[PDB]
Every structure is written in structure tokens, then in C-alpha cells.
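Okay, so here's the structure we're looking at.
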Amino acid sequence: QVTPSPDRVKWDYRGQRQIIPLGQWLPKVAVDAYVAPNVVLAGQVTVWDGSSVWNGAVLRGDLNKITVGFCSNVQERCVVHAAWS
Amino acid sequence: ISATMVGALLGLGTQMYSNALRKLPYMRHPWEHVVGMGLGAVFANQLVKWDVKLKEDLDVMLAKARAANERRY
Ligand SMILES: CCCCCCCCCCC(CCCCCCCCCC)(CO[C@H]1O[C@@H](CO)[C@H](O[C@@H]2O[C@@H](CO)[C@H](O)[C@@H](O)[C@@H]2O)[C@@H](O)[C@@H]1O)CO[C@H]1O[C@@H](CO)[C@H](O[C@@H]2O[C@@H](CO)[C@H](O)[C@@H](O)[C@@H]2O)[C@@H](O)[C@H]1O
């Protein structure tokens, strides 16, 4: 059984919220690191200095922490995830 | 070289030095850059004036010390 509800929004006015904090976990993006507006940072991702994350990347570490090193790039449309074990 | 162009250049340079030393683009806030130029010019001018005054009030005291030494005989 499926039923509609009026709480649904057919136009999320605010946008995408590129940085999604999960409780106390916050995406620690460093200055001088390029993160495109389309990129979604969720969970506990950490982007270090000199790095770059390109549009379409869906970096999320809600299961385990994910890290990007110095001057290392994650190109476009790259989905990075983590597991418990 | 007029103790003000050097001061303004040094203030602007230290503003970009502080700004880029935190790993930020050099011209983040232009307003603090211009106020840094002003502060550098003011400090350079005051440093020159203070140097002139220091020499002026040091000569008149070294002369007194030498005169006090010269009364030995
Ligand atoms: C750190 C980087 C250094 C990079 C540059 C190094 C090169 C430095 C030379 C640049 C420079 C500025 C110094 C900048 C300091 C930087 C401050 C840093 C912090 C800034 C954020 C110093 O150049 C002169 O300054 C004189 C000051 O005394 C000194 O001359 C000796 O002083 C005698 C004292 O007794 C000695 O007895 C004697 O032997 C020398 O005569 C010497 O230092 C030098 O000749 C330019 O000269 C400036 O000083 C004076 C005289 O020209 C001018 O003001 C004058 O004021 C009235 C009477 O004062 C005058 O009526 C008026 O006409 C004039 O306006 C300035 O307008 C400007 O010309």
C-alpha cells in the first residue's frame, strides 16, 4: 500500500545542502580544496588541503570515516562509500 | 622612496603575507588590505620621525656625558 502525504515537497527551494552533518559528525573540508557545488559531503568525510572533489561525487561516510589526502583528487561522478567491516 | 611608499608597500605585503600564510587566496578582503597600507605608511612615517628624535636627544646627552668626563682635570 502506497499513499501520498502533503508533507512532500515537489520543489526543494533551499537546494541540496552540499555539507550534510550527521549528529556530531561534520564534513571537515579544508580551505584551498575545491569542492564543486554538485558534490554532496555527508557523514564524516575529511577533505585535506590542496585536494579537489569534482561535481557529481557523493562522498558519504555515514558508516565509517572516509579521508582524502593532500593534493589528491576525486574526479566527477565518483561515488565513495564506507562499510562497518 | 619617501618613507611612505615603502611603508604602504610593506603594509600591503604583510597583509598578503598574513592572508596567504593561512592557506587562503591572497586578496581575500581588500578593505583590510587598504587599511594595512594605511597603517604601514603611518608606522613608517612615525618610525622615521622617532629615529630623528632619538638621534637628536642622544647627541645632546652624549655631549653632556663627554663634558662630564672632560672635567677630570
Ligand atoms: C624595514 C624595510 C627597509 C626597506 C627600506 C630600507 C631603506 C631605508 C631608507 C628609506 C627612508 C625611510 C625609512 C623607511 C623605514 C621602514 C619602516 C619599516 C616599518 C614600516 C611599516 C630613510 O632614508 C633616510 O632617513 C633618514 C632619517 O633620519 C636618515 O638620514 C639621516 O638622518 C639623520 C638623523 O640624525 C642623520 O644624522 C643623517 O646622517 C641623515 O640625514 C637615513 O635613514 C636616510 O638618509 C626614506 O627617507 C625618509 O626619511 C626622511 C629624510 O629624507 C624624510 O622625512 C623628513 O622629515 C624632516 C626631517 O626629519 C624633513 O624636514 C622632511 O623634509 C622630510 O620629510 C622622509 O620623507 C623620507 O625621505
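Within each chain, counting starts at residue 1; across the C-alpha cells, chains are named A, B, ... in the order shown, with ligands numbered 1 upward in that order.
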
Near-stretch 29-39 of chain A list (10 Å; only C-alpha atoms; drop same-chain fewer than 3 positions) as a PyMOL selection string: (chain A and resi 16-19+26+42+45-59+68+70-74+76-78) or (chain B and resi 22-25)

6 Å shell around ligand 1 using only C-alpha atoms and all ligand atoms, listed as a list in words: residues 1, 2, 3, 7, 10, 11, 40, 43, 44, 48, 49, 51, 52 and 55 of chain B

Residue neighbourhood residue B:35, 12 Å, only C-alpha atoms, exclusion window fewer than 4 positions, as a list in words: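 Residues meeting the cut-off are residues 8, 9, 11, 12, 14, 15, 29, 30, 31, 39, 40, 41 and 42 of chain B.
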
Counting only C-alpha atoms, the residue of B:13, B:67, B:21, B:60 that sits nearest chain A: B:21

Per-residue DSSP, chain B, filtered to helix (DSSP H, G or I), as a ChimeraX atom specification: /B:5-21,30-70

For chain A, the nearest of the candidates B:6, B:17, B:37, B:26, counting only C-alpha atoms: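 Going through B:6, B:17, B:37, B:26 one by one, the smallest distance to chain A is for B:26.
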
Surrounding residues of residue A:25 excluding itself and chain neighbours under 3 positions, 9 Å, only C-alpha atoms, as number ranges by chain: A: 21-22, 28, 42-45, 62
